[PDB]
Amino acid sequence: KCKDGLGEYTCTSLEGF
Amino acid sequence: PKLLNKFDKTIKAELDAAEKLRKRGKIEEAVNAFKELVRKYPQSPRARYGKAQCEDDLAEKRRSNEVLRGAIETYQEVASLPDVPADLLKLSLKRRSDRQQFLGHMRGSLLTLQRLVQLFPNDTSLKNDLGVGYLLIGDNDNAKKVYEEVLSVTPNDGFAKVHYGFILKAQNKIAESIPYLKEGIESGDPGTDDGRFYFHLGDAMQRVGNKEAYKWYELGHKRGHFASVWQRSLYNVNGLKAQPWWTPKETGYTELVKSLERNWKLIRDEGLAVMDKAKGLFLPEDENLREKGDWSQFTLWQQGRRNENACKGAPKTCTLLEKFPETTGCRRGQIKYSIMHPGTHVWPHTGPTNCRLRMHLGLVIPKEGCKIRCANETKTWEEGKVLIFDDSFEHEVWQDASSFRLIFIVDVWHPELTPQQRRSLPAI
Ligand SMILES: O=C(O)CCC(=O)C(=O)O
Ligand SMILES: [Fe+3]
């Protein structure tokens with residue numbers, strides 16, 4: 001997860017519509 | 001695209017008729033036309049693909065996960081038919097993978113992508129997409145092995161270069177990542193003009209000392225990736241007031257600030273009790289943001305969710321904070337204690353979103369050696385006082401005191417966010 005920084009390829013999760 | 005096999009060529013008239021309805025927006029009509037084509041011609045791959053494309057369009061129209069799940073199955077059915085043209089085969093499984101990812105079936109997308117690579121071992125682009133699959137589930141090791149295969153066959157692939165450099169940088173091979181990121185962005189290949197690769201290239205240069213990092217931040221600002229050279233968050237909402245330092249009155253959260261400052265010793269004492277009697281609850285910082293030193297965090301809320309076991313250790317603080325949904329409900333922020341020891345230096349960095357403001361409440365502040373820069377201004381903490389900054393701007397921290405420094409971090413929604421956005425924004 002991206003808490004203090006921006007280290008992940010994506011910071012959100014996908015859950016459809 | 002060559003989509004019609006031998007048999008489908010003999011029925012192009014019926015297939016083209018059905019597709020025209022889809023292009024005309026008669027989605028419910030086209031599904032029934034393609035359904036009847038699949039019933040009449042159960043082995044036709046074009047008819048089966050048409051049914052999936054129609055189920056796909058219908059899933060968008062209704063915003064239905066169940067309908068999309070059915071389209072995902074029909075896309076696979078196309079690949080199980082006999083004599084499917086290779087172009088139709090790629091398109092049907094690539095789209096299946098995409099929609100599986102859109103639903104969060106990341107493990108299912110990976111299986112589809114692996115099948116594509118087994119079916120077409122010479123397609124570089126499918127390997128590149130498999131590497132993205134591994135990155136989406138966080139498997140940087142397998143992602144790295146994929147892009148190494150690509151860079152062996154096509155060594156000038158810009159997409160492979162940036163993603164290889166991203167993985168290196170994430171594995172803390174800072175110096176080694178730089179040529180892969182710079183050469184990918186400059187290749188101009190599709191997929192290389194992405195803020196993520198500008199972000200990490202400039203950060204990698206900043207860490208190693210190269211003063212040209214600013215130029216890459218500026219180029220990312222010119223190409224619409226960063227709101228400025230200084231504010232480089234990537235999950236943004238446009239228009240929000242943008243300034244590095246805020247006063248309590250400017251935020252409008254004056255009740256929260258007053259509560260924090262009136263009750264600061266209680267917050268301090270519960271944090272010290274955890275340091276003394278439950279030190280294991282403080283977890284080391286895990287985002288590779290430190291050059292050197294010791295920095296640990298004890299989190300009470302994350303993504304708008306209360307940590308029940310953590311609040312057992314600071315129960316009065318958690319009771320106090322429950323009155324302020326502007327921070328407990330901030331799904332793009334945290335509430336946490338943060339301890340830093342002498343000899344710590346945090347690299348310049350930004351947070352991921354402009355949708356939050358970050359409050360710091362000083363709890364135990366050594367009288368010398370602790371400071372925080374944000375943009376072009378450096379400030380210090382005061383015990384029992386709140387500092388507010390926008391951590392989407394570049395900021396940097398030093399701890400060169402003779403004892404520990406403890407603060408309380410309270411993230412709030414950016415005040416200009418509407419209530420509608422506060423409930424719909426994906427959590428971060
Ligand atoms: O000083 C601290 O405890 C953390 C500094 C920081 O980078 C932040 O609060 O985002
Ligand atoms: Fe930070």
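Any value given below was found using the heavy atoms of this structure, including those in side chains, with hydrogens, waters and symmetry copies removed. To find a chain, count down the sequence lines: A is the first, B the second, and so on, and within it residues start at 1. Counting convention: from 1, in listed order, for ligands and their atoms alike.
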Student: Under a 3.5 Å distance rule, please check whether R331(B) uses its side chain to pair with a backbone N or O of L425(B) as donor and acceptor.
Tutor: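 Present.
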Student: Without swapping roles, check the side chain of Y164(B) against the backbone of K144(B) for a donor-acceptor pair under 3.5 Å.
Tutor: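 Not a single qualifying donor-acceptor pair exists.
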Student: Out of the candidates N307(B), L321(B), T317(B), only one should pair with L300(B) under the side-chain contact (heavy atoms from CB on, under 4.5 Å) rule; please name it.
Tutor: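 Exactly one candidate clears the test, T317(B).
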Student: Output the list of atoms in ligand 1 that are nearer than 4.0 Å to some heavy atom of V397(B), sorted by atom number.
Tutor: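 The atoms of ligand 1 under 4.0 Å from a heavy atom of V397(B) are 1 (O), 5 (C).
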Student: Hey, which atoms in ligand 1 end up nearer than 4.0 Å to a heavy atom of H395(B)?
Tutor: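 Once the distances to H395(B) are compared, the set is 6 (C), 7 (O), 8 (C), 10 (O).
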Student: Got a sec, which residues hit side-chain contact (heavy atoms from CB on, under 4.5 Å) with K258(B), two or more places apart in sequence or on another chain?
Tutor: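 side-chain contact (heavy atoms from CB on, under 4.5 Å) list for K258(B), sorted by chain: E255(B), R262(B).
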Student: List every atom of ligand 1 that sits less than 4.0 Å from any heavy atom of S338(B), numbering the atoms from 1 in the order shown and giving each element.
Tutor: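 Those of ligand 1 that fall under 4.0 Å from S338(B) are 2 (C), 3 (O).
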Student: Can you name the atoms of ligand 1, numbered from 1 with element, that are less than 4.0 Å from a heavy atom of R405(B)?
Tutor: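 Selected atoms, number and element: 1 (O), 2 (C), 3 (O).
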Student: Would you indicate which of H360(B), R358(B), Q334(B) comes nearest to atom 10 (O) of ligand 1 when only heavy atoms are counted?
Tutor: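 Among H360(B), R358(B), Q334(B), the closest heavy atom to atom 10 (O) of ligand 1 belongs to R358(B).
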Student: Give a yes or no answer on whether the side chain of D194(B) reaches the backbone of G191(B) with a donor-acceptor pair at less than 3.5 Å.
Tutor: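 Such a contact is absent between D194(B) side chain and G191(B) backbone.
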Student: Going by the atom numbers of ligand 1, which of them fall below 4.0 Å from some non-hydrogen atom of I407(B)?
Tutor: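 Answer for ligand 1: 1 (O), 2 (C), 3 (O).
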Student: In sequence, state the C-alpha distance, the side-chain angles, and the governing distance for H360(B) and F389(B), and then conclude on ring pair (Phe, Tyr, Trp, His ring centres under 6.0 Å).
Tutor: CA-CA 8 Å; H360(B) 283 185; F389(B) 67 107; 5.0 Å; yes
Student: Please identify each residue that fulfils side-chain hydrogen bond (donor to acceptor under 3.5 Å, both in side chains) with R373(B), with sequence neighbours left out.
Tutor: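 Residues passing side-chain hydrogen bond (donor to acceptor under 3.5 Å, both in side chains) with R373(B): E394(B), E396(B).
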Student: Given 3.5 Å as the limit, does a donor-acceptor pair link the side chain of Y217(B) with the main chain of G202(B), or not?
Tutor: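 It does hold such a pair.
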Student: Who pairs with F197(B) by ring-ring contact (aromatic ring centres under 6.0 Å, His included), at least two apart in sequence or on another chain?
Tutor: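 Only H163(B) meet the ring-ring contact (aromatic ring centres under 6.0 Å, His included) criterion with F197(B).
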Student: At a 4.0 Å threshold, what atoms of ligand 1 neighbour a non-hydrogen atom of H349(B)?
Tutor: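 Those of ligand 1 that fall under 4.0 Å from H349(B) are 7 (O).
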Student: For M340(B), take its heavy atoms, then give the atoms of ligand 1 lying under 4.0 Å from any of them.
Tutor: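 The list of qualifying atoms is 1 (O), 2 (C), 3 (O).
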Student: I'd like to check whether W381(B) has a polar contact with ligand 1, where a contact means an N/O of the residue lying under 3.5 Å from an N/O of the ligand.
Tutor: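 Between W381(B) and ligand 1 (N or O atoms, distance only) the closest approach is not under 3.5 Å.
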Student: Is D4(A) close to ligand 1, meaning an N/O of one under 3.5 Å from an N/O of the other?
Tutor: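 In fact, backbone or side chain, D4(A) has no N or O that close.
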Student: Give the atom numbers and elements of ligand 1 that come within less than 4.0 Å of a heavy atom of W295(B).
Tutor: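 Going through ligand 1 atom by atom, the ones under 4.0 Å from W295(B) are 3 (O), 4 (C).
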Student: With a cut-off of 6.0 Å (strictly less than), are more than 12 heavy atoms of other residues, nucleotides or ligands near OH of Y180(B)?
Tutor: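 No, OH of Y180(B) has 12 or fewer neighbouring heavy atoms, counting only those of other groups under 6.0 Å.
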Student: Would you mind counting protein N, O or S atoms that sit less than 2.8 Å from the Fe ion (ligand 2)?
Tutor: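 For the Fe ion (ligand 2), the figure is 2.
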Student: Identify whether NZ of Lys or CZ of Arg in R196(B) sits under 6.0 Å from the centre of the six-membered ring of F199(B) and within 45° of that ring's axis.
Tutor: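 The answer is no; the distance or angle limit is not met.
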